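Next up: the same protein chain in two forms, each one alone, written as structure tokens (structure 1, then structure 2).
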Structure 1
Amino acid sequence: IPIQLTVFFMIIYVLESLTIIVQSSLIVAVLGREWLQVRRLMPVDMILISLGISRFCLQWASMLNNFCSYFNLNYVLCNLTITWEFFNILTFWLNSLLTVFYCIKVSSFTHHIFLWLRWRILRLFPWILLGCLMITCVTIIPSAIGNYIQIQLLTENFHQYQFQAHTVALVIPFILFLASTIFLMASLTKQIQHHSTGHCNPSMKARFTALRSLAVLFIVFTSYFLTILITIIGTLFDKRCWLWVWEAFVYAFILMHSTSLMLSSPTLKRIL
């Protein structure tokens, strides 16, 4: 491991970080402007703004962990792994909810219970966000006690308990996302296979761009999930030596996700 590669990958990671920050800050500013304008916005736009604040939290946590684990300047409170883990769970739950919203709104299901639930979901959607936040807190509670215990030992066994807690906690939302994306792709493809007769000029094209957006979303976020799962294991990799390359890899994924959801924000395109 040379110094030149270290500084090059660190520069790559900081450019990724600044791009993430500016993208989510742009979404924050434009969404605040839209709110101050009408204060009435569709559910996906506020999913996007909640995901933007989640990206803020995750990225700021990654900044602090990175500089205080590489420079090791006053390693007392900068080990905010709890903050990063909690907000990674929160962003995972937000993204699973995003795919759930895609599955409910787009799909042509017309069941009476389904339709009433769909509307009440639209109306109670901010409260659905709050319920997702409560689920994140309840799910990090075992993680919270695990980190409390591992600090007490500091001040296998409980380490393995924390491993299992974090693993399951962030795999559950990924399972939800994977199921939703699989169902959405299946619905898109099955309606593609017979929508050729019903005209194709922007119909098939927009179905194809929806499938492409789902493909990029699935690839980026699922690969981020494998990345964070590997770093959950930790032992096979080495977070010590290949640190900056790993952080650049992870947050190149998060950059891709943020820019994809930026381009997929109806408020921005309408405003721009």
Structure 2
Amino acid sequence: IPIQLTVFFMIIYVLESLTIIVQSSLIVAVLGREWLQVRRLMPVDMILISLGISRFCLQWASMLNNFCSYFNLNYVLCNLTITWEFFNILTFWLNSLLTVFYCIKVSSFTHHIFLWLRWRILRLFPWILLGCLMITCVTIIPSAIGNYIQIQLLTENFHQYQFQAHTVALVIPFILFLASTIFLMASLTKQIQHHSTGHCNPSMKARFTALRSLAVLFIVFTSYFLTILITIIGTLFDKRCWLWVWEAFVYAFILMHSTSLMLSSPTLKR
């Protein structure tokens, strides 16, 4: 890779990351204003705030890392891998809950167990949202213990466990996200055709906007998980060479997700 190409990629990633930081700052500012106003915020803003702060910490963790690495200067107060993984997991969960929300409030299935579960989720929403941070802590144990073990070793045997362990961390939130998303697209899609005869054009327009937008939400995150999965697997690549090459590609995605979300927040329109 040409040095000029690498510097161009790092410029791209820096611009992307600055825009991400500004966007998350804007969302947290408007939602904090709403908090100070009445503290009246619907479940969807509950997770948006979480993802705004999660996206923000990660975003930062990223910057501490990249120059801590590519540049290599300040190679100490820079190795913030664990907090990045924690915030990302937080992130992979919160969006699943986000997605699971959507699958419960706009559901037409009337199964008695399904209705019971739907109200069980809707009733204890802050408690579940709280749980993600917790199950987030429960899930980084191995990596926390794993990374401590590797640091002790420094100062594939046992590492193989890290190498597969990192995945287990984020597969389950993504499994829930994928399941709930496909459920809502189906349900959304079954509903589409099934009410087409009713000539309800506003219903057609409303149902088309969200279905397409899930398809944007489903797409963008998924690509990023695969970005995170390839980063874990770590072969086909050479960050140190690439580095910024991925950096651009991975956060450029994260740019999509955030904007998608950014506009998606309802109370920001208000």
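Take the two forms, find the largest set of C-alpha atoms that superpose within 1.5 Å, and that set is the rigid core. By convention here, residues take numbers in order along the sequence of structure 1, the first being 1.
Measuring CA movement between the two structures with the rigid core aligned, the set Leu124, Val168, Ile175, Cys137 has one residue at 2 Å or more: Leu124. When the rigid core is held fixed, the Cα atom of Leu115 travels 2 angstroms or more between the two structures. After superposing the rigid core, the C-alpha of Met185 moves by less than 2 Å between the two structures. Remark: with the core as the superposition reference, the CA shift of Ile149 between the two structures stays below 2 Å. With the core fitted, the CA of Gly198 sits 2.4 Å away from its counterpart between the two structures.
A C-alpha shift of 1.9 Å is found for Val76 between the two structures, based on superposition of the rigid core.
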